[PDB]
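# The amino acid sequence is not available; the structure is as follows:
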């Protein structure tokens, strides 16, 4: 942009945390959360692991599924999804927090996606493939 900071690739999580919203009403088959695992190099199947009270499924693609809404009531539920690349002998850890995010702010600056899919819908793209019609 116009500041100059770093330029090295960072495979793994960005040392941050993700937040998934749940009905907190004991509803099972809850939505699926997706972590932003930074990719790089070529081919790197790593191992994943979950640790949430309810039922969760970490997919090698970097997606931990949220199932069962327990406890999720008097407080919030939080767990850590561990990652480990056997190729680069590296490992990462991202904290996902299941909590209610009743935010009214409707003006995203540089981070529209936020594992919420609540405000600012995402279904308005007619263009699907490449059509040649610029002329004639």
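Perfect, I can see it now. Numbers count the residues shown, from 1 in each chain.

# which element is the residue lying closest to residue 97 once chain neighbours are set aside on?
Excluding its sequence neighbours, the residue lying closest to residue 97 (C-beta to C-beta, 6 or more residues apart in numbering) is residue 78, at 4.5 Å. Where you see a C-beta, it was placed from the backbone N, CA and C, and this is true even at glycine. Using DSSP states H and E, residue 78 sits within strand 77-85.

# For that strand, name the packing helices and strands.
strand 46-49, strand 90-98 (3 or more C-beta pairs under 8 Å, 6 or more residues apart in numbering; DSSP states H and E).

# quick one: the shortest one to chain centroid distance?
This means strand 46-49. 15 Å (C-alpha atoms, centre = their mean, to the nearest Å).

# likewise the longest one?
With C-alpha atoms, centre = their mean as the basis, the distance from the averaged C-alpha position of strand 90-98 to the chain average is 10 Å.

# That strand versus strand 77-85: what angle between them?
Going by axes from the mean of the first three to the mean of the last three C-alpha atoms, to 10 degrees, strand 90-98 is angled at 160 degrees with respect to strand 77-85.

# all numbers from here: first residue = 13
Sounds good: first residue 13 from here, last item strand 102-110.

# Now do the buried residues in strand 102-110.
104, 106, 108, 110 (16 or more other C-beta atoms under 10 Å).
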